[PDB]
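Spelled out from the first residue to the last, the chains are:
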Amino acid sequence: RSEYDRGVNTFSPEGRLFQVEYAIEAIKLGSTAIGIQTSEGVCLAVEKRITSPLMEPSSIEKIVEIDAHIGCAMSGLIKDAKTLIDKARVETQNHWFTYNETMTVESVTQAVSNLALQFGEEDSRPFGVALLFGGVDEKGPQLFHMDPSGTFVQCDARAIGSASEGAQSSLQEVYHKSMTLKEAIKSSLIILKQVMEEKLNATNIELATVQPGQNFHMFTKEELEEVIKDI
Amino acid sequence: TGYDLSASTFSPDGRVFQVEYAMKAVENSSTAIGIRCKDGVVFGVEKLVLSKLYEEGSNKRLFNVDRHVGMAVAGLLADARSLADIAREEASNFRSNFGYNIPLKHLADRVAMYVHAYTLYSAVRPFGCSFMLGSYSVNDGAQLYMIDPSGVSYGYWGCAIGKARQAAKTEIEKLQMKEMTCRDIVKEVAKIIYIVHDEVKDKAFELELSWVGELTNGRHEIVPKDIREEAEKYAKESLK
Amino acid sequence: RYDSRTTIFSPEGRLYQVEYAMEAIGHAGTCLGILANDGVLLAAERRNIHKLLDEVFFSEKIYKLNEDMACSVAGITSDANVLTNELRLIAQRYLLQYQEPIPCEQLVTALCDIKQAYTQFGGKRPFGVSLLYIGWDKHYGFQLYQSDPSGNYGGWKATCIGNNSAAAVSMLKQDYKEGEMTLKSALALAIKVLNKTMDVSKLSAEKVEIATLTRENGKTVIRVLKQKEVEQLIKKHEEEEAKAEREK
Amino acid sequence: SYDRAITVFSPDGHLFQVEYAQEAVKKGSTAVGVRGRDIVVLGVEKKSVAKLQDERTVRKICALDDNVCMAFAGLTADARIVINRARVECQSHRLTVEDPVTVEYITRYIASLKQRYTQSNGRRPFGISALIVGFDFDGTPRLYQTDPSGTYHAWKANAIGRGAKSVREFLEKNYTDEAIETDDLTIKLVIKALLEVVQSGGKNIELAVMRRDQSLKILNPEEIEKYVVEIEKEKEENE
Amino acid sequence: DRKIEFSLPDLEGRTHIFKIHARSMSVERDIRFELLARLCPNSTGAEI
Amino acid sequence: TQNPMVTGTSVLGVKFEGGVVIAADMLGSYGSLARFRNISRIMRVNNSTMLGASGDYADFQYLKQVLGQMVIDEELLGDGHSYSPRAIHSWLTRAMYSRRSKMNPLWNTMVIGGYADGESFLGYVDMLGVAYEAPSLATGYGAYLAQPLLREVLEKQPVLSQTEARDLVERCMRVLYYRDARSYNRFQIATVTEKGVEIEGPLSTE
Amino acid sequence: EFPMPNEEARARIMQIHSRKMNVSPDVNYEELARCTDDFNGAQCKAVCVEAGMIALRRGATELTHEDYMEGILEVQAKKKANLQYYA
Amino acid sequence: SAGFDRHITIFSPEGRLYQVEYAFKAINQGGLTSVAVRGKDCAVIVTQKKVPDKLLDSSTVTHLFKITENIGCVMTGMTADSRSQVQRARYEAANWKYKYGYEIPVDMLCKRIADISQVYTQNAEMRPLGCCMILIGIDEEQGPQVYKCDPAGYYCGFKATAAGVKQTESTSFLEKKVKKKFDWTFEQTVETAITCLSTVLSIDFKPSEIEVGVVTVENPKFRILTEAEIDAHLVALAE
Amino acid sequence: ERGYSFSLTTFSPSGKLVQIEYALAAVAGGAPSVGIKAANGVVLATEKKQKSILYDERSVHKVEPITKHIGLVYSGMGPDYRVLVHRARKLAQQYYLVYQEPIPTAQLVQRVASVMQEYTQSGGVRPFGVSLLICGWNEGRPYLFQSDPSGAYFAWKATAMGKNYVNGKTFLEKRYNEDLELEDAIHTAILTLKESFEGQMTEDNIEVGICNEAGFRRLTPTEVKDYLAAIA
Amino acid sequence: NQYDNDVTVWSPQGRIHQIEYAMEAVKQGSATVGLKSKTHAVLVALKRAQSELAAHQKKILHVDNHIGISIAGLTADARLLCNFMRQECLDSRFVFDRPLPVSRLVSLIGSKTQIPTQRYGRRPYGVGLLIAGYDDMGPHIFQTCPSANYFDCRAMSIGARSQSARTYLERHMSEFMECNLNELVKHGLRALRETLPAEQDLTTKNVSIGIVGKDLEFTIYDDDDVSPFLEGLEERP
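Residues numbered from 1 in each chain as written, not as in the entry; some residues may be left out. Chains lettered and ligands numbered in written order. Part of a larger assembly, values for the part shown. Heavy atoms only, no water. Residues with missing side-chain atoms left out of burial classes, pairs and counts.

- In the PDB header, cryo-EM is given as the technique by which the entry was determined, and 3.01 Å as its resolution.

- By the naming in the PDB entry, chain H is Proteasome subunit alpha type-6, taken from Homo sapiens.

- Identification of chain A as Proteasome subunit alpha type-5 from Homo sapiens is taken from the PDB entry.

**What about the overall build of chain A?**
Part 1 of the reasoning: Across its full length, chain A holds six helices and ten strands.
Part 2 of the reasoning: By the compact-globule yardstick of 17 Å for 231 residues, chain A fits well, its C-alpha radius of gyration being 18 Å.
Part 3 of the reasoning: A principal-axis box enclosing the C-alpha atoms of chain A has dimensions of 55 × 45 × 40 Å. (Helix = DSSP H or I, 4+ residues; strand = E, 2+ residues; numbered from the N terminus. Rg over C-alpha atoms; globule rule 2.2 N^0.38 Å.)

**Observations concerning the nonpolar core**
Part 1 of the reasoning: Formed by 48 residues in total, the largest nonpolar core has its most connected members in C:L32, C:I34, C:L41, C:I134, C:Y176, C:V193 and C:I210.
Part 2 of the reasoning: Considering each element in turn, this core owes the most residues, eight residues, to helix α5 (residues 183-197) of chain C.
Part 3 of the reasoning: Setting aside residues up to four positions removed in sequence, C:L32 forms contacts with C:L41, C:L42, C:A43, C:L132, C:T159, C:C160, C:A190, C:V193 and C:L194.
Part 4 of the reasoning: Core analysis: the second largest hydrophobic core is formed by 44 residues, H:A160, H:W184, H:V200 and I:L54 among them. (Core = buried A, V, L, I, M, F, W, Y, C linked by side-chain atoms within 4.5 Å. Buried < 20%, exposed > 50% of the residue type's maximum accessible area, 1.4 Å probe, protein only. Contact = heavy atoms within 4.5 Å.)

**Examining the state of the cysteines**
As used here, a disulfide is simply a covalent bond connecting the sulfur atoms of two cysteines.
All names here are of chain H.
Part 1 of the reasoning: Evaluated as defined, the whole model comprises three disulfides over all chains.
Part 2 of the reasoning: Shown here is the disulfide that connects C110 with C149, its sulfur atoms set 2.0 Å apart. The chirality of the disulfide connecting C110 with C149 is left-handed, given an S-S dihedral of about -140°. Of this pair, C110 sits in helix α3 (residues 106-122) while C149 sits in strand β6 (residues 143-149), and the two are 39 residues apart along the sequence. (Disulfide = S-S within 2.5 Å.)

**Describing the sheet that holds strand β3 (residues 62-66) of chain C**
All names here are of chain C.
Part 1 of the reasoning: What the five strands build is an open sheet, ordered β3-β4-β5-β6-β7; its pairing is antiparallel. Pairing within the sheet leaves two strands with one partner each, and these edge strands are β3 and β7 (154-155).
Part 2 of the reasoning: Relative to β7, strand β6 (residues 141-146) runs antiparallel, the two being bridged by two bridges. Bridging from a neighbouring strand, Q146 pairs with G154 of β7.
Part 3 of the reasoning: The strands touched by helix α3 (residues 105-120) within the sheet are β3, β4 (69-72), β5 (132-137) and β6, with β6 carrying the most contacts at an inclination of about 15°. (Pairing = 2+ DSSP bridges. Axes fitted to C-alpha atoms, helices over the stretch in contact; angles between N-to-C directions.)

**A word on the interface of chain C and chain D**
The accessible area lost on association of the parts is a frequent measure of interface size.
Part 1 of the reasoning: Taken together, the contact between chain C and chain D spans 36 residues of the former and 31 residues of the latter.
Part 2 of the reasoning: For the side of chain C that touches chain D, the elements supplying multiple residues, two or more each, are α3, β7 and α4 (165-175) of chain C.
Part 3 of the reasoning: By residue number, the principal contributor to the side of chain C that touches chain D is α3(C), which donates seven residues.
Part 4 of the reasoning: Looking at the side of chain C that touches chain D residue by residue, the classes come out as 14 nonpolar, 14 polar and eight charged. (Nonpolar A, V, L, I, M, F, W, Y, C, P; charged D, E, K, R; others polar.)

**Description of the sheet that holds strand β4 (residues 132-134) of chain I**
Residue and element names in this part refer to chain I.
Part 1 of the reasoning: Reading across from one edge, β4-β5-β6 is the order of the three strands in this open sheet, with antiparallel pairing throughout. Edge strands, defined here as strands with exactly one partner in the open sheet, are β4 and β6 (153-154).
Part 2 of the reasoning: Of the strand pairs in this sheet, strand β5 (residues 145-147) and β6 are connected by two bridges, and their pairing is antiparallel. Bridged to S147 within β6 is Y153.

**Observations concerning the pairing of strand β2 (residues 42-48) of chain H**
Residues and elements named next belong to chain H.
Part 1 of the reasoning: A large share of β2 lies buried, amounting to seven of its seven residues.
Part 2 of the reasoning: Of the two faces of β2, the one lined by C42, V44, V46 and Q48 and the one lined by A43, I45 and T47 are each fully buried.
Part 3 of the reasoning: Here five bridges tie strand β1 (residues 33-38) to β2, and the two strands are oriented antiparallel to one another. Pairing of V37 across the sheet is with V44, part of β2.
Part 4 of the reasoning: Taking the residues between adjacent antiparallel strands as the criterion, β1 and β2 are bridged by three residues.

**A closer look at the environment of I:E207**
Residues and elements named next belong to chain I.
Part 1 of the reasoning: Inspection of the secondary structure puts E207 in strand β8 (residues 206-212).
Part 2 of the reasoning: A relative accessible area of 7% places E207 in the buried class.
Part 3 of the reasoning: Sequence-wise, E207 and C135 are 72 residues apart; in three dimensions their C-alpha atoms are separated by 15 Å.
Part 4 of the reasoning: Apart from the residues lying within four places of it in its own chain, the contact partners of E207 are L44, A45, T46, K48, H61, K62, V63 and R218.

Rendered as structure tokens:
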């Protein structure tokens, strides 16, 4: 592998590109992010992973407003995540401009994958970041997951980051098609607390929801305590 | 070892190894024989059907470079198809800029120069397919040129490219191509191809013929199925 | 190893190629410059002193860049020539756009930026030329600036680069009287430093080149000392050494 | 064998070249920055310049715009280029949009330039971590740190360069709302934080103090001397 | 004839290893072995 | 093409059941002078489509080389597919419209007609790119003189015969000769049917 | 001289060493020979034996071609997984 | 020493370019020999015509290429690269005629060829053309001229020469012959060239194994001697 | 330090551009060339030996003119010398066109040195393996400069490059006097070539050029024969 | 060996190993079966879900009204080739107003894939495409392997465990020609079901069916839409 894994342009005997998998491993080093899609809407819960009390909690961006109706969760390299998020915002604005309509979450995910796909197609390296896109569109609430390889697939409740395996295993057990937003949020917070090194409180998690009718609502300091109270 | 990793690195004894490797690659493919009639040029290639699911004509190795030029690539099929596209482009450009059909000699020379230009750079690799060009014109007779990966291309009375090139040449030298016509030469080509066939190492094959000469008003077209079977009948008559 | 190319960072975070160039700058001949209250000067050592070599330019190490600047050189010959040509181009371009002389530090920063760009972009070897700058500007007057292969310059009152730069710099620090040096005293100190900075004894006039910057009636005349005055200074230093040994 | 190319991912998904570049920031003079209610301070250590060299050309704290200033670490060659590009970007942003460049925007542009330089081979990463602080928010103080990698962060008080760990530890345990309630106490906090990293006398600390709707004020050695005298008096009171 | 590759344990393998080596240890009842497994990304059983 | 030098007369074509027929003059009139009088303005593209055009013969001649190579490539692949008369028409419409957009359009008013899969096609792409389908088409003046006549025959009876088509154009170009200052009494007739495309001529008038 | 078995050689080897085992008539030994490039005779016999053992794992009374491919994977210690980028 | 022979632009420790020498040696891969003899009023060159196959077309194998009606060339070495260089030489002659009017002298023609080869050898982009280019042609005011100019980029004036596998032996034979000053006549020049080739190759030189091309002052046009003329010259040579 | 003797764009630990030194060695391994500057003019001489009597000694000239008052002799790789001379001629004519004055020896030498250095800054381009020696007479003062692949240029009064350059330099400093004339300079140059010359010095084997106020001119075999007979 | 790094290096035996590895890249994906009757070209693909609660990955893509594909290989190269084929189809429609022939589009795909296998700068297109379409010459089922060589096949099958589908298609090739849409789809579904292990079964959530016919535009059937075809399939023995 040492001779075939030094470039996205080289094919391993399996045929595997031994550089995209390294990008996935890199995304494995980020803070855990969880997204649950329910009929009432889509919820995104993540881990702050605050490194110092001096740093401003709002400076580090895990859930961002790609558009008023689609939220994005970052897990991995900060630079690739920022570039992809800016490209998603630009693509959404371009679609609104040219077509006078809100681009579907599938369309925005496709646009972001397009940039995640030019990983050496002669107009660098794979974008080592996985983005969980959550929002409501003409088809209803939705959640889409993206990996550095550019593969995007609709997910009902996907967990990405350091605790992807355990969070996903518990989500499979705690997810059903008939969940409401409140119960989905409670379950997501419970799972994050289960897979969180530090005791859960209002300073280490940012929770985001996007329901039909309403816009991307990121729970504020007061709001987060109200939900963590019962869990 | 060491001097054979790039096509731009001359070997210590003075031989571009990548070109020889491409020649070996073309040698690793099936046979394709072009025999020049007294009044035309006949192409015959043993096209092995790798699986029974193919559509009896898929990935055919006989390509029409132009109206009067037939090409009988043998080797890496992707490189052969690319070479066919380049040959068609050169023929079209020659006709547009000069107004008359590009002579087989000039088309062969230009395509050979293009092929050789791909064995001089480190960023590109030599073509892994050897091709023969054939055409007929009353003004300039019938010409049969074979260009291999090395870029060399001089005319041939009859040539074979592929696994059994030597076996094909052994029984092609025993054919009088100087006087025969393009009617019995097709049967001779079918028989010679059928002789050069393992039949125990290669499961099966679909003989495909082609010709260009006076009998075809100077244009190169697939041999008619009515007479192609007759060639197949003669080949079957030949025990091998 | 981590010195295959300039762009490569060592694990400790060191541009190994840049450090290699800054070490190689020591092979160049000795040059030094002392800033004096009335002006600044440069001193260089002609390493090539073969009898068959004809001196046609007299400024192998000291070049004139502008009507109020001059910069000595130390390092590769081709790199030095390219750097001096770029310095002249930058100075004249600034003069054309702004119609006033470059304030010295601008030219130094431009050359340092060029060198930094070379040390950053891949496929280019660092400029192994460290050249001292002198000049006068309406903003700060006489200044002496040091440029390294890494593009890190810096104001200096007296520095020597090339052979035995460490000893020359140290003993300039030992005997440099801040704010009390005149051009004559500056030349005396420069000759004293050059005498022991080079192994060659007697400090032959043909083997040393001295240029001085003066501010005369608003003209900024750059003067390269002729062999006669260099010999006079050498004889003066010899007599001073004899007087000092008189105490023995 | 995965640390010889910027665009090569290690089996554990590490961009090793950027991590090595941060080591360059680890080798510079410490910079401490703490923002108050009406003041933003950028602490710095002087390196006791040579006896026979002028310190006017060793400026480490430079202002990108009329109200945004940055103190860097790492190699000066790259820091100068980053500063020049930041100045040009601020003057272009003002040109396109009359509104003065915000501290956030200048930090974002610096991060974008660093990322563009650390995205492909043939371009070495910028080995300088910049602390950009400014009242550009039109009534709100902001401080940012641009890592050599390309990511920036909002910091109430952060340290870069040699001793960054110790200065950060001191700042965390001493930066409270009561601490920065006034400009003088903010400056005293900066001096105290920089004292543990730089054990030396006067002129070894350069403090850049910027007040609301004002200009940069590089405190003269006397004022730093007055503040150090005050801090010594406070320590005497504690004992 | 058979070449068995003993790769680094996956998350389930690490959790099982943690339970196996912590069976005798007098540990508290709330120990989240899943978190300890996830905090040892690439560590063999010996490191566990 | 900003100032035509050698131009062409009208081009006429009327579609009948079983094929289509076109005809054109052979007078290349540089300005008002009959510069050339043995040129062909109707040549075939494939077995089931033929075209002829007015305007700069040089510009049209360029089109002849383009279509020939463009058409010749069709059979080189030997896949069976051949450019349908609409297929050539669609290429032509974008061909000239693309050229016009750059202020260098072909001052060559073409007409393309052919017989494909039991239906006749008669399209006309003007020197600028306009194109439509009509049972009978005439280029340049023919629209003024012969075109009005063809509606009368088609309006009362939209079905015509080869002989009815043959003389209809003759009564069409004949009136062209009388009331035109650029016509010539030597024209070819192009007939396209299941048997193929055949070109014959010239022909005179009384 | 003994060369590394060719395509026909590998197919024949698989046939010889798969004689004693209950083998599905649907096995395409030519495809296996293509899929086992750079395999010596001993490795081919190991491929056959591993295919048989894997078939035994599932409790399948008769071997299948996919079992032969999995044995080919196992012979070189390789493990095949559903990569998240090869869909 | 041996580690510097993998790139054409890398100098060997003793000051050598190994790739150029390797191309020179590759010149011999064709297994052929060519010789040129410059007579008093004629220039004659003879090269081997090997056809080791009954199915080859002997008319399409000729190595004597006519660059121009007044200038001639014989390519020895690799066939494809030799033909590419011949095409480039034809282009160069045509461009010289188009830009300066008068036909390009042979020396200039393959001096341009050799400059192309050298520019190839300096900038490491393409493998040097491994084919020696022997030029002949009558030049006004300078009589017959034969110039050999090779991959590395060296062109010289030659009274007689040869390139191919048997180059040293042929050149030694020519030196033994060129020294006894005598009437260098057309027949004498052709006879000496054929004799040198026969002795070097030690072959009876059947008429179908050699190909000759002669340019003369009386007829300053490249002419390829047919089989009959070659046979007549051979019979005259024997007796 | 064998690891850094390959690339021209990387610095060795000691700080040596290895490829430039290797190119200089290749230059020193070429044909001899000696030039002496006299108070009246300059002399340039190179030994022109062909490997056999079968080479037209007059076809290729080692001493070539760049302009009416500039010369060129080399020691090393001739094919590189051809491109060097072409660039020198282009530079001289560009200077003439821009300034309508024959390019001074100093400026032509500097621009040729710049051209040489242009090739020693990027991977994939081999340094010019020839060191040029430039004559000249501008402003009524004879000039002699040597441009090397490293790009450095000097003002040699008299030096010999190529094979046996140490012996040539030793011979110089002995038979060279600063107050000679053109004929004495020619004699000294011929002798210097002789002390590093293997075999008889025929008229066709030694090529010389005087470059006095009258301009640069390649002595024809007749004048070279006369001079050699006078010395012999 | 050491000839296993670049597509521009020739192995001593005469093989470009990188092309072989690109071809191997196909087998990492899900099995896909494409087959054509006289009037229809139906291709059935198996969809793999990364997690139990994640939508199954799209495998049958839409190119034009008369050209459908199945992607068995890299998602990146599969999507790039799909986009290029979409652009080619749109260009053919715009310039010719006629459906671009499936054979010509397949030839263009082969030509575009050949360049990455001949010049350093990008890896070979590691996606195996099963192009199904209807044109003037009837249905076409092509396969475009990464080696830049495409084969016109009656009923091809690529991807992991695809050998069983190929064997079944070889066995039942005869009936394919004279079969209706329902029988063609059922035979394709049987071919796919042969590839699956014993435990797994052809469920409505992991089968995608694409059909292009005489008067029917391309249709991609997913989820319930596959149910009408799936029902009635003989239970596997």
